[PDB]
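Engineer: My file is data.tsv. It has TSV, C-alpha atoms and all ligand atoms:
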```tsv
chain	number	residue	atom	x	y	z
U	12	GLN	CA	-6.04	-6.46	25.75
U	13	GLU	CA	-4.53	-3.87	28.07
U	14	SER	CA	-1.23	-4.79	26.41
U	15	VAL	CA	-2.53	-3.67	23.01
U	16	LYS	CA	-3.77	-0.32	24.32
U	17	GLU	CA	-0.40	0.26	25.99
U	18	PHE	CA	1.56	-0.69	22.86
U	19	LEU	CA	-0.50	1.60	20.61
U	20	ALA	CA	-0.20	4.48	23.09
U	21	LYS	CA	3.59	4.15	23.10
U	22	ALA	CA	3.50	3.88	19.31
U	23	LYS	CA	1.44	7.06	18.90
U	24	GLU	CA	3.82	8.99	21.18
U	25	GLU	CA	6.81	7.94	19.04
U	26	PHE	CA	4.94	8.72	15.81
U	27	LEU	CA	3.89	12.23	16.86
U	28	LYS	CA	7.43	12.98	18.03
U	29	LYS	CA	8.94	12.10	14.64
U	30	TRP	CA	5.97	13.71	12.86
U	31	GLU	CA	6.63	17.03	14.57
U	32	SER	CA	10.39	17.02	13.89
U	33	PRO	CA	11.07	15.17	10.63
U	34	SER	CA	14.54	14.09	9.58
U	35	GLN	CA	16.00	15.83	6.53
U	36	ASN	CA	19.03	15.51	4.30
U	37	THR	CA	20.57	12.26	5.54
U	38	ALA	CA	22.53	11.31	2.37
U	39	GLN	CA	23.40	12.66	-1.08
U	40	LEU	CA	23.24	11.37	-4.63
U	41	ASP	CA	26.91	10.51	-5.22
U	42	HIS	CA	26.86	8.16	-2.21
U	43	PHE	CA	25.01	5.70	-4.45
U	44	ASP	CA	25.63	3.71	-7.62
U	45	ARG	CA	22.61	3.26	-9.88
U	46	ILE	CA	21.94	-0.35	-10.90
U	47	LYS	CA	18.54	-0.67	-12.56
U	48	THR	CA	15.22	1.05	-12.98
U	49	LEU	CA	12.53	-0.83	-11.04
U	50	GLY	CA	9.53	1.37	-11.81
U	51	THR	CA	8.59	4.48	-13.76
U	52	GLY	CA	5.71	6.86	-13.04
U	53	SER	CA	4.26	10.17	-14.15
U	54	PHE	CA	6.36	12.17	-11.64
U	55	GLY	CA	9.43	9.97	-11.15
U	56	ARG	CA	11.20	6.63	-10.95
U	57	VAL	CA	12.30	3.97	-8.48
U	58	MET	CA	15.79	2.60	-8.97
U	59	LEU	CA	17.80	-0.18	-7.42
U	60	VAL	CA	20.93	1.48	-6.02
U	61	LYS	CA	24.05	0.37	-4.19
U	62	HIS	CA	25.41	2.49	-1.36
U	63	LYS	CA	29.07	2.94	-2.30
U	64	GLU	CA	30.48	2.88	1.25
U	65	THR	CA	28.68	-0.21	2.55
U	66	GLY	CA	27.56	-2.03	-0.60
U	67	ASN	CA	24.00	-2.20	0.75
U	68	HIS	CA	21.25	-2.22	-1.84
U	69	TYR	CA	18.28	0.13	-1.64
U	70	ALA	CA	15.26	1.20	-3.63
U	71	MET	CA	15.60	4.93	-4.34
U	72	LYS	CA	12.45	6.79	-5.35
U	73	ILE	CA	13.39	9.84	-7.45
U	74	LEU	CA	10.77	12.55	-7.93
U	75	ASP	CA	11.16	15.37	-10.45
U	76	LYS	CA	10.23	18.53	-8.51
U	77	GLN	CA	8.93	20.28	-11.63
U	78	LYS	CA	6.73	17.34	-12.60
U	79	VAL	CA	5.42	17.08	-9.02
U	80	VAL	CA	4.46	20.77	-9.12
U	81	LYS	CA	2.99	20.44	-12.62
U	82	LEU	CA	0.82	17.51	-11.52
U	83	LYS	CA	-0.35	19.19	-8.26
U	84	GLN	CA	1.34	16.57	-6.03
U	85	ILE	CA	3.28	18.85	-3.66
U	86	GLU	CA	1.27	18.00	-0.55
U	87	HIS	CA	1.07	14.26	-1.28
U	88	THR	CA	4.82	14.10	-1.89
U	89	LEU	CA	5.77	16.01	1.24
U	90	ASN	CA	3.19	13.99	3.18
U	91	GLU	CA	4.54	10.62	2.01
U	92	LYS	CA	8.07	11.41	3.12
U	93	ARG	CA	6.82	12.83	6.42
U	94	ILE	CA	4.75	9.66	7.07
U	95	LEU	CA	7.58	7.29	6.15
U	96	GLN	CA	10.15	8.80	8.47
U	97	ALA	CA	7.65	8.80	11.36
U	98	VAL	CA	5.89	5.40	11.27
U	99	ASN	CA	7.33	2.15	12.63
U	100	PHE	CA	5.65	-1.20	12.02
U	101	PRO	CA	6.82	-4.58	10.66
U	102	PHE	CA	4.76	-4.44	7.46
U	103	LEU	CA	5.62	-0.83	6.53
U	104	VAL	CA	8.64	-0.15	4.33
U	105	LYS	CA	11.51	1.57	6.14
U	106	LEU	CA	12.85	4.93	4.94
U	107	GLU	CA	16.67	4.84	5.25
U	108	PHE	CA	17.71	8.19	3.74
U	109	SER	CA	16.12	11.20	2.12
U	110	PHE	CA	17.56	14.31	0.46
U	111	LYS	CA	16.96	16.69	-2.43
U	112	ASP	CA	19.04	18.53	-5.03
U	113	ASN	CA	18.35	21.20	-7.65
U	114	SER	CA	16.09	18.91	-9.69
U	115	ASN	CA	14.77	15.99	-7.62
U	116	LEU	CA	13.51	14.64	-4.31
U	117	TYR	CA	15.01	11.34	-3.14
U	118	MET	CA	13.62	8.74	-0.73
U	119	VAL	CA	15.97	5.80	-0.14
U	120	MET	CA	14.16	2.74	1.18
U	121	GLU	CA	15.08	-0.80	2.09
U	122	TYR	CA	15.03	-2.87	-1.09
U	123	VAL	CA	12.25	-5.50	-1.13
U	124	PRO	CA	13.42	-8.01	-3.76
U	125	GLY	CA	10.27	-10.09	-4.11
U	126	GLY	CA	8.37	-7.47	-6.02
U	127	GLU	CA	4.70	-6.57	-5.98
U	128	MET	CA	2.01	-8.93	-4.76
U	129	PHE	CA	0.31	-7.96	-8.05
U	130	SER	CA	2.73	-9.85	-10.30
U	131	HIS	CA	2.65	-12.96	-8.13
U	132	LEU	CA	-1.13	-13.00	-8.04
U	133	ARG	CA	-1.47	-12.52	-11.80
U	134	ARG	CA	1.20	-15.16	-12.41
U	135	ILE	CA	-0.28	-17.85	-10.16
U	136	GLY	CA	-3.86	-16.79	-10.90
U	137	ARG	CA	-5.34	-16.76	-7.43
U	138	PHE	CA	-4.19	-17.57	-3.90
U	139	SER	CA	-5.70	-20.40	-1.80
U	140	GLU	CA	-7.67	-19.18	1.21
U	141	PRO	CA	-4.86	-19.94	3.73
U	142	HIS	CA	-2.42	-18.03	1.51
U	143	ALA	CA	-4.86	-15.12	1.17
U	144	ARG	CA	-5.57	-15.16	4.91
U	145	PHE	CA	-1.83	-14.89	5.67
U	146	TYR	CA	-1.56	-11.62	3.73
U	147	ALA	CA	-4.96	-10.40	4.98
U	148	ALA	CA	-3.92	-10.77	8.64
U	149	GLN	CA	-0.95	-8.47	7.99
U	150	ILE	CA	-3.14	-5.78	6.40
U	151	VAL	CA	-5.55	-6.00	9.36
U	152	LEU	CA	-2.71	-5.42	11.83
U	153	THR	CA	-1.28	-2.64	9.65
U	154	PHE	CA	-4.65	-0.88	9.48
U	155	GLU	CA	-5.13	-1.24	13.25
U	156	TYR	CA	-1.76	0.48	13.69
U	157	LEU	CA	-2.38	3.25	11.14
U	158	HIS	CA	-5.93	3.93	12.36
U	159	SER	CA	-4.57	4.26	15.91
U	160	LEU	CA	-2.45	7.14	14.53
U	161	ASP	CA	-5.64	8.60	12.98
U	162	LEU	CA	-4.17	7.80	9.53
U	163	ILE	CA	-6.54	6.69	6.76
U	164	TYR	CA	-4.56	4.69	4.22
U	165	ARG	CA	-6.88	4.84	1.16
U	166	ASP	CA	-4.46	3.27	-1.35
U	167	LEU	CA	-4.69	-0.47	-0.76
U	168	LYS	CA	-4.28	-2.78	-3.78
U	169	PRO	CA	-1.91	-5.62	-4.74
U	170	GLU	CA	0.14	-3.12	-6.75
U	171	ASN	CA	1.08	-1.37	-3.50
U	172	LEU	CA	2.12	-4.44	-1.50
U	173	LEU	CA	5.62	-5.88	-1.80
U	174	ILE	CA	6.67	-9.37	-0.72
U	175	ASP	CA	9.91	-9.50	1.23
U	176	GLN	CA	12.47	-12.30	1.48
U	177	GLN	CA	10.55	-13.84	4.40
U	178	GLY	CA	7.36	-13.80	2.34
U	179	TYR	CA	5.80	-11.04	4.45
U	180	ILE	CA	4.17	-7.86	3.17
U	181	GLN	CA	5.68	-4.38	3.02
U	182	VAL	CA	3.40	-1.38	2.36
U	183	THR	CA	5.19	1.30	0.33
U	184	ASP	CA	2.91	4.16	-0.76
U	185	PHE	CA	1.71	6.84	1.64
U	186	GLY	CA	0.95	9.85	-0.56
U	187	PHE	CA	-2.80	9.52	0.03
U	188	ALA	CA	-2.50	8.68	3.74
U	189	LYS	CA	-4.29	11.50	5.56
U	190	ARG	CA	-4.55	12.34	9.25
U	191	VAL	CA	-8.31	12.18	9.76
U	192	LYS	CA	-9.82	12.06	13.23
U	193	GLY	CA	-13.22	12.92	11.76
U	194	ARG	CA	-14.22	12.86	8.09
U	195	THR	CA	-12.61	13.78	4.79
U	196	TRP	CA	-13.89	14.37	1.25
U	197	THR	CA	-11.23	13.81	-1.44
U	198	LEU	CA	-12.07	11.55	-4.36
U	199	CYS	CA	-8.86	9.53	-4.58
U	200	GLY	CA	-7.72	5.94	-4.92
U	201	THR	CA	-8.09	3.29	-7.58
U	202	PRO	CA	-11.56	2.62	-9.01
U	203	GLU	CA	-11.76	-1.12	-8.23
U	204	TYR	CA	-10.89	-0.40	-4.57
U	205	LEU	CA	-13.08	2.67	-3.89
U	206	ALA	CA	-15.61	2.40	-1.08
U	207	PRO	CA	-19.11	3.48	-2.17
U	208	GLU	CA	-19.10	6.53	0.14
U	209	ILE	CA	-16.03	7.90	-1.69
U	210	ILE	CA	-17.83	7.50	-5.01
U	211	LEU	CA	-21.00	9.02	-3.51
U	212	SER	CA	-19.44	12.41	-2.59
U	213	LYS	CA	-20.35	11.87	1.06
U	214	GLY	CA	-17.86	12.53	3.80
U	215	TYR	CA	-16.03	9.36	4.75
U	216	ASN	CA	-13.71	8.05	7.46
U	217	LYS	CA	-11.31	5.18	8.11
U	218	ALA	CA	-14.15	2.73	7.36
U	219	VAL	CA	-13.12	2.99	3.70
U	220	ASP	CA	-9.97	1.00	4.52
U	221	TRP	CA	-12.03	-1.94	5.78
U	222	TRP	CA	-14.04	-1.90	2.54
U	223	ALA	CA	-10.80	-1.93	0.52
U	224	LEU	CA	-9.59	-4.85	2.64
U	225	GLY	CA	-12.68	-6.70	1.47
U	226	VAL	CA	-11.82	-5.91	-2.15
U	227	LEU	CA	-8.25	-7.12	-1.61
U	228	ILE	CA	-9.27	-10.36	0.08
U	229	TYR	CA	-11.76	-11.04	-2.73
U	230	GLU	CA	-9.16	-10.36	-5.43
U	231	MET	CA	-6.46	-12.49	-3.79
U	232	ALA	CA	-8.90	-15.37	-3.38
U	233	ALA	CA	-10.67	-15.13	-6.75
U	234	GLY	CA	-7.89	-13.84	-8.99
U	235	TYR	CA	-10.06	-10.86	-9.98
U	236	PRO	CA	-11.71	-8.01	-8.05
U	237	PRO	CA	-15.39	-8.03	-7.06
U	238	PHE	CA	-16.35	-5.00	-9.20
U	239	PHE	CA	-14.87	-4.57	-12.68
U	240	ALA	CA	-15.97	-3.19	-16.05
U	241	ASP	CA	-14.59	-1.66	-19.24
U	242	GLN	CA	-14.68	1.87	-17.81
U	243	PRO	CA	-14.36	3.34	-14.29
U	244	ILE	CA	-17.86	4.89	-14.31
U	245	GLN	CA	-19.32	1.39	-14.79
U	246	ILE	CA	-17.18	0.10	-11.91
U	247	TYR	CA	-18.55	2.90	-9.72
U	248	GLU	CA	-22.12	1.91	-10.55
U	249	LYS	CA	-21.48	-1.73	-9.58
U	250	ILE	CA	-19.74	-0.69	-6.34
U	251	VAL	CA	-22.58	1.47	-5.03
U	252	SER	CA	-25.09	-1.27	-5.79
U	253	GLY	CA	-25.22	-3.69	-2.90
U	254	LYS	CA	-24.69	-6.57	-5.34
U	255	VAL	CA	-21.66	-8.89	-5.44
U	256	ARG	CA	-21.22	-12.49	-6.58
U	257	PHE	CA	-18.71	-14.97	-5.25
U	258	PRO	CA	-16.82	-17.76	-7.05
U	259	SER	CA	-18.30	-21.12	-6.10
U	260	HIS	CA	-14.97	-22.18	-4.53
U	261	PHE	CA	-15.14	-19.44	-1.86
U	262	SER	CA	-15.69	-21.04	1.56
U	263	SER	CA	-18.77	-20.17	3.62
U	264	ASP	CA	-16.67	-18.35	6.23
U	265	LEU	CA	-14.98	-16.30	3.51
U	266	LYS	CA	-18.26	-15.19	1.93
U	267	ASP	CA	-19.63	-14.20	5.34
U	268	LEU	CA	-16.50	-12.13	6.05
U	269	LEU	CA	-16.69	-10.46	2.64
U	270	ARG	CA	-20.40	-9.69	2.99
U	271	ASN	CA	-19.51	-7.84	6.19
U	272	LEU	CA	-16.51	-6.00	4.75
U	273	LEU	CA	-18.15	-5.19	1.38
U	274	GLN	CA	-21.05	-3.67	3.31
U	275	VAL	CA	-22.48	-0.59	1.58
U	276	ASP	CA	-24.12	0.57	4.83
U	277	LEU	CA	-21.04	1.82	6.67
U	278	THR	CA	-22.90	1.57	9.99
U	279	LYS	CA	-23.03	-2.22	9.46
U	280	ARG	CA	-19.48	-2.63	8.06
U	281	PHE	CA	-16.99	-4.75	10.00
U	282	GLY	CA	-14.15	-2.69	11.43
U	283	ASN	CA	-16.56	0.22	11.85
U	284	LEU	CA	-18.81	-1.32	14.51
U	285	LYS	CA	-18.69	-0.99	18.30
U	286	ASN	CA	-15.94	-3.60	18.76
U	287	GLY	CA	-13.85	-2.06	15.98
U	288	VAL	CA	-11.15	-4.25	14.49
U	289	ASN	CA	-11.92	-7.15	16.85
U	290	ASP	CA	-15.02	-8.05	14.81
U	291	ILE	CA	-12.61	-8.87	11.98
U	292	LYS	CA	-9.95	-10.54	14.13
U	293	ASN	CA	-12.58	-12.73	15.80
U	294	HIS	CA	-14.40	-13.67	12.59
U	295	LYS	CA	-14.59	-17.40	11.85
U	296	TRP	CA	-12.50	-17.05	8.69
U	297	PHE	CA	-9.60	-15.90	10.92
U	298	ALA	CA	-10.13	-18.59	13.59
U	299	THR	CA	-6.82	-20.27	12.76
U	300	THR	CA	-4.87	-17.00	12.69
U	301	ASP	CA	-2.34	-16.43	15.49
U	302	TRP	CA	-2.40	-12.63	15.45
U	303	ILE	CA	0.63	-12.19	17.71
U	304	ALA	CA	2.69	-14.72	15.74
U	305	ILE	CA	1.83	-12.89	12.50
U	306	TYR	CA	2.98	-9.59	14.05
U	307	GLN	CA	6.17	-11.22	15.38
U	308	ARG	CA	6.69	-12.80	11.92
U	309	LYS	CA	6.93	-16.25	13.50
U	310	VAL	CA	4.48	-17.84	11.01
U	311	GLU	CA	5.95	-19.86	8.14
U	312	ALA	CA	5.02	-17.90	5.03
U	313	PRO	CA	3.07	-19.83	2.35
U	314	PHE	CA	5.18	-18.44	-0.50
U	315	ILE	CA	8.80	-17.24	-0.57
U	316	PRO	CA	9.82	-15.25	-3.69
U	317	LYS	CA	12.83	-16.51	-5.62
U	318	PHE	CA	15.89	-14.38	-4.83
U	319	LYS	CA	19.27	-15.20	-6.39
U	320	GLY	CA	21.05	-13.01	-3.86
U	321	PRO	CA	21.12	-9.32	-2.97
U	322	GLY	CA	20.51	-7.01	-5.88
U	323	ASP	CA	18.54	-9.59	-7.85
U	324	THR	CA	15.81	-7.79	-9.83
U	325	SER	CA	14.03	-10.70	-11.52
U	326	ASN	CA	10.71	-9.84	-9.83
U	327	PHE	CA	10.59	-6.42	-11.48
U	328	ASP	CA	10.04	-5.43	-15.09
U	329	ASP	CA	12.55	-3.93	-17.53
U	330	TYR	CA	12.41	-0.20	-18.24
U	331	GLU	CA	14.28	2.18	-20.51
U	332	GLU	CA	17.27	3.43	-18.52
U	333	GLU	CA	17.19	7.24	-18.72
U	334	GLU	CA	19.74	9.67	-17.36
U	335	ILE	CA	19.39	11.21	-13.93
U	336	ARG	CA	19.90	14.87	-14.79
U	337	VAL	CA	20.52	17.47	-12.10
U	338	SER	CA	20.02	21.03	-13.34
U	339	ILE	CA	22.46	23.90	-12.73
U	340	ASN	CA	19.45	25.86	-11.50
U	341	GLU	CA	17.54	25.13	-8.29
U	342	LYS	CA	13.99	24.13	-9.24
U	343	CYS	CA	10.99	24.79	-6.98
U	344	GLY	CA	13.03	25.54	-3.86
U	345	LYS	CA	10.32	27.28	-1.84
U	346	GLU	CA	7.71	24.58	-2.48
U	347	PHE	CA	9.89	21.75	-1.08
U	348	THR	CA	11.61	23.59	1.78
U	349	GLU	CA	10.43	21.08	4.37
U	350	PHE	CA	11.54	17.97	2.48
T	8	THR	CA	-17.19	-17.00	-17.40
T	9	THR	CA	-16.59	-14.28	-14.81
T	10	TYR	CA	-12.84	-14.66	-15.39
T	11	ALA	CA	-13.47	-14.30	-19.12
T	12	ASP	CA	-15.42	-11.10	-18.42
T	13	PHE	CA	-12.54	-9.86	-16.27
T	14	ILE	CA	-10.15	-10.44	-19.18
T	15	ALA	CA	-12.53	-8.75	-21.64
T	16	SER	CA	-12.64	-5.71	-19.33
T	17	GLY	CA	-9.07	-4.82	-20.25
T	18	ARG	CA	-8.30	-3.90	-16.62
T	19	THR	CA	-5.99	-6.86	-15.99
T	20	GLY	CA	-2.75	-4.86	-15.80
T	21	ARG	CA	-1.49	-2.54	-13.08
T	22	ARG	CA	-4.20	-0.02	-12.20
T	23	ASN	CA	-3.45	3.69	-11.96
T	24	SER	CA	-4.96	6.02	-9.38
T	25	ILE	CA	-7.74	8.38	-10.45
C	1	LIG	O1	8.97	0.42	-7.17
C	1	LIG	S1	8.20	-0.08	-6.07
C	1	LIG	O2	7.81	-1.45	-6.03
C	1	LIG	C1	9.06	0.24	-4.56
C	1	LIG	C2	8.62	1.29	-3.80
C	1	LIG	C3	9.11	1.49	-2.52
C	1	LIG	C4	10.03	0.64	-1.99
C	1	LIG	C5	10.53	-0.45	-2.74
C	1	LIG	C6	11.47	-1.38	-2.24
C	1	LIG	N1	11.94	-2.41	-2.93
C	1	LIG	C7	11.51	-2.56	-4.19
C	1	LIG	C8	10.60	-1.74	-4.79
C	1	LIG	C9	10.07	-0.65	-4.07
C	1	LIG	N2	6.83	0.80	-6.02
C	1	LIG	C10	5.53	0.29	-5.51
C	1	LIG	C11	4.39	0.53	-6.49
C	1	LIG	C12	4.22	1.97	-6.93
C	1	LIG	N3	5.15	2.56	-7.89
C	1	LIG	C13	4.67	3.51	-8.91
C	1	LIG	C14	5.46	4.80	-8.98
C	1	LIG	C15	6.58	4.84	-9.82
C	1	LIG	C16	7.41	5.95	-9.84
C	1	LIG	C17	7.12	7.04	-9.05
C	1	LIG	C18	6.00	7.03	-8.24
C	1	LIG	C19	5.13	5.92	-8.20
C	1	LIG	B1	3.81	6.08	-7.34
C	1	LIG	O3	2.78	5.20	-7.41
C	1	LIG	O4	3.67	7.15	-6.50
C	1	LIG	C20	6.55	2.65	-7.51
C	1	LIG	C21	6.90	2.26	-6.20
C	2	CL	CL	0.88	-3.80	-16.44
```
Can I see the file as structure tokens?

Structural biologist:
Amino acid sequence: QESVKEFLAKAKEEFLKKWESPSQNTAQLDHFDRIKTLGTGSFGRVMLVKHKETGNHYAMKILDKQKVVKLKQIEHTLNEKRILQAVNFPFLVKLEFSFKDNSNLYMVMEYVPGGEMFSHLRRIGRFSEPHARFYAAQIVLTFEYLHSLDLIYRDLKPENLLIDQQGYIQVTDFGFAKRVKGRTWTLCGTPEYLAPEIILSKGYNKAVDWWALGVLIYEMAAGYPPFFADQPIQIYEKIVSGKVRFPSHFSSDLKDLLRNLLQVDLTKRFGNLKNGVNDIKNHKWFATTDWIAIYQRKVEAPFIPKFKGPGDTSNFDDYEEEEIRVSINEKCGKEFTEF
Amino acid sequence: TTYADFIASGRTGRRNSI
């Protein structure tokens, strides 16, 4: 109890220190051999790379500065890198290097070979409740840590959770993570995971992360999210209604948890009440969960991804391998000065 | 079934941000 307060106070001191003086320019492009494209997005790519000196494998996120500026992502991009170099928690991906050149921004992260939770869930269909609870406990601890830093995460979904070689979760995306001691107003996220107050143009706070946790737990346990429809507007209408149905195989404890996380009235939502995160940690569905052992990663994971060594990429899709071009002309120098 | 409705929704793949 007093141990937790002391740990989080130490953690916030370390975070703010790195936040105020970020690291910059800790490698360069020709230190790395490119191996395979792991993901492609509207502003960049993620590639498996091999550090030439050590042979260590990494995931290198490459962002085209001109596309980032075109798509109005300057603040999110700078913010993500600033978050990543400053946070420190077992279920958060580690930033190893970052640098920029004339054309691109580069974030070099530890390579998580097991791929996205998303693929595993869609492959297997749904997770049993013990399996789902194992992942859920990690998100709960991660949110407790981030919320202690006044960070709202806002981007939870199986697409954004990787499974490491121990079977534990690594959170990767922090563009939308905002420092919010009070309230904030941006409509952002993924429709299936949006809390009703984000849809409803009201100010909102970190309670939206506990709603999204409810969506995630439901999806992991059911194989599909609680609110879906052909078009996002119809998902929004279902979300703001207080109506949700559960598969008949959901346990009683699970439904009671979900009714308290998927609580439209944010003054009755678990995580947002007087006892904060402890209402979740002490809920009956988590009765078997050893919170400290989860944090220390001493719990036997329910699923271990198949990894035929370092640099195996079988848990990622195949993409068209395009050149990495670096222009003769410096692009967007002033906008990315702090990166 | 609900799963059938999920499939019919077309939102079974990776979901982009808004
Ligand atoms: O490619 S990732 O799985 C990935 C990201 C971070 C660390 C990783 C360590 N090991 C393996 C993969 C890793 N990945 C997680 C899901 C999100 N995308 C989408 C994407 C693709 C390209 C550029 C940006 C984005 B984005 O939404 O901001 C890419 C990042
Ligand atoms: Cl897809």

Engineer: Name the residues in contact with residue 11 of chain T at a cut-off of 12 Å, using only C-alpha atoms, excluding same-chain residues fewer than 5 positions from it; report them as a CSV table (one decimal) with C-alpha atoms, in the coordinates of the input.

Structural biologist:
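This is the output file selection-v8.csv:
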```csv
chain,number,residue,atom,x,y,z
U,234,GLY,CA,-7.9,-13.8,-9.0
U,235,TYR,CA,-10.1,-10.9,-10.0
U,239,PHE,CA,-14.9,-4.6,-12.7
U,240,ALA,CA,-16.0,-3.2,-16.0
T,16,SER,CA,-12.6,-5.7,-19.3
T,17,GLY,CA,-9.1,-4.8,-20.2
T,18,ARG,CA,-8.3,-3.9,-16.6
T,19,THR,CA,-6.0,-6.9,-16.0
```

Engineer: Residues of chain T within 7 Å of chain U, counting only C-alpha atoms, what are they? List them as a VMD selection string.

Structural biologist: chain T and resid 13 16 to 17 21 to 25

Engineer: What is the distance between atom CA of residue 29 of chain U and atom CA of residue 107 of chain U, in Å to one decimal?

Structural biologist: 14.2 Å

Engineer: Using all atoms listed in the file, which of the listed residues (U:85, U:322, U:142, U:328) sits closest to ligand CL 2 (chain C)?

Structural biologist: U:328

Engineer: Smallest atom-to-atom distance to ligand LIG 1 (chain C): which of U:96, U:67, U:53, U:39, using all atoms listed in the file?

Structural biologist: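 Closest to ligand LIG 1 (chain C) of all the choices is U:53.
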
Engineer: With distances taken over all atoms listed in the file, which of U:125, U:152, U:220, U:120 is nearest to residue 164 of chain U?

Structural biologist: U:220

Engineer: Just want the residues within 7 Å of ligand LIG 1 (chain C), written as a VMD selection string, counting all atoms listed in the file.

Structural biologist: chain U and resid 49 to 57 69 to 70 72 74 104 120 to 124 126 to 127 170 to 171 173 183 to 184

Engineer: Rounded to one decimal, what separation in Å do you get between atom CA of residue 102 of chain U and atom CA of residue 154 of chain U?

Structural biologist: 10.3 Å

Engineer: Leaving out residue 265 of chain U and any residue of its chain fewer than 3 positions from it, which residues lie within 12 Å of it when counting only C-alpha atoms, given as a PyMOL selection string?

Structural biologist: chain U and resi 139-141+143-144+147+225+228-229+231-233+257-262+268-273+291+294-298

Engineer: Separation of atom CA of residue 30 of chain U and atom CA of residue 78 of chain U, in Å?

Structural biologist: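 Result for atom CA of residue 30 of chain U versus atom CA of residue 78 of chain U: 25.7 Å, one decimal.
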